[PDB]
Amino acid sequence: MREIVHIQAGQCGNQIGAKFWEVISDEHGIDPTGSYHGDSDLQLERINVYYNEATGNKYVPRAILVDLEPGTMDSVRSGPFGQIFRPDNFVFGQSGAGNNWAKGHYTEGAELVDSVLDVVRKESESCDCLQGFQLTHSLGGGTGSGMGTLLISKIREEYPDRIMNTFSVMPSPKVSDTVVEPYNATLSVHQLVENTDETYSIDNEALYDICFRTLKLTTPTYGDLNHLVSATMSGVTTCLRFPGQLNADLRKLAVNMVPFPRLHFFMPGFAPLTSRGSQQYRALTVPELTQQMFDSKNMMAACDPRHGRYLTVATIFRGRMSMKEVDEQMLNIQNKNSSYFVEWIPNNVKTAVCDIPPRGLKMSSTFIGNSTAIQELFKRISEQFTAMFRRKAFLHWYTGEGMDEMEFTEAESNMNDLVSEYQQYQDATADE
């Protein structure tokens, strides 16, 4: 389990993807020319997970950039780390999906698809020991959502033995690009439940609320939200891209986090929450860091973990700190909040400490939780879908592409069933 093949689909996918790539490149001592200039052998020890070593000194991200709209290609290349990416790995179509999941999944996307699979094949066959795939995309649009889910299905067929990991961004009316997001999101979730092993549920409702309420940003921008996303992505991938015992590969992470196959939707968490302008501030202690696991205010998914129960939790601490203190605090939290952890999964909270802190903070903590509380995010999408479907609003754009009302009925049913399952284990007692 060495190499990971990273894929970015649509505007959101590419926006969050580029940001991850600049964040982790800094952490690993890589400048935009692909040249290593760091000063720690720890930075390069597991560099092969995300980078291919190119001719001479240089390092090249194992990333595939995808979109049906050509514009985003230039948007990336113009970015700070634009010239770090392989030119061949840019697979861009001529006309976007026009916020229609059917177009990206069946019509215009089915094209671009094969030409994309050829790039993944070239990357994959080059691997000594392929771990699997990491896709970044939104569920709101037509490319990231529709085509991204088609990619997951076509990859799954070619590589059925590999881990499929996604950073799926959830739509919110609070920050939206299309009136049809409930259709696009519902149809995507159905596909994610069946075809992924681990999905990070990055909720735009959660990020907007963090920026507006906590960060006090009157008008949050995609920059402000992506500042929280990049932080989170850096945290959840710390165990993968640096030496350590806990959840060091995609499969060992899936084994510790996924008890039931369909229940693979993680609620990411992060402390401290900072604004792109919050260039101060010197603080945070170990108990301070630890308290934020139940602070719904710190969740990248719009659900209160106190409204449900944790099936499994992964906690990653960064910066120089006493592991004794970390272990003490971690025990204190579980022993005092025993009512939010399922009694039937003993020692379901695993903790790791990376000495290397992220840029900007001297100390940080990331939380990856498989909580039953995630049903609230799916209930929200479902109600929004019902509001529209009940009246068959905008449906003609979907059916026009060849889809049936049945496919909509089936996508909703699976989502209701998914919620119904989380509820089943939420109630589940460790008694005979």
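When you see a residue number, it is the position in the sequence shown, counting from 1. The term rigid core refers to the most C-alpha atoms you can superpose between the two forms while keeping them within 1.5 Å.
Using the rigid core as the fitting frame, the root mean square C-alpha deviation in 4 other deposited structures of this protein is greater for 240-248 than for the other of 351-359 and 240-248. Taking the rigid core as the alignment reference, the C-alpha atoms of 293-301 lie farther on average from the displayed form in 4 other deposited structures of this protein than those of the other stretch among 293-301 and 205-213. Note on 396-404 vs 43-51: mean CA B-factor is higher in 43-51. Across the two stretches, 147-155 and 325-333, the PDB entry reports the greater mean Cα temperature factor for 325-333. Annotation for 142, 182, 277, 132: 277 ranks highest, by Cα B-factor. Highest C-alpha temperature factor among 234, 188, 124, 168, as the PDB entry reports it: 124. When the modelled residues of the chain are ordered by C-alpha B-factor, residue 205 sits in the lowest third. In the deposited entry, the Cα temperature factor of residue 376 sits in the bottom third of values across the chain's modelled residues. Among the modelled residues of its chain, residue 137 has a C-alpha B-factor that falls in the lowest third, as given in the PDB entry. In the PDB entry, residue 343 places in the middle third of its chain by CA B-factor. Per-chain ranking of the deposited C-alpha B factor places residue 57 in the highest third.
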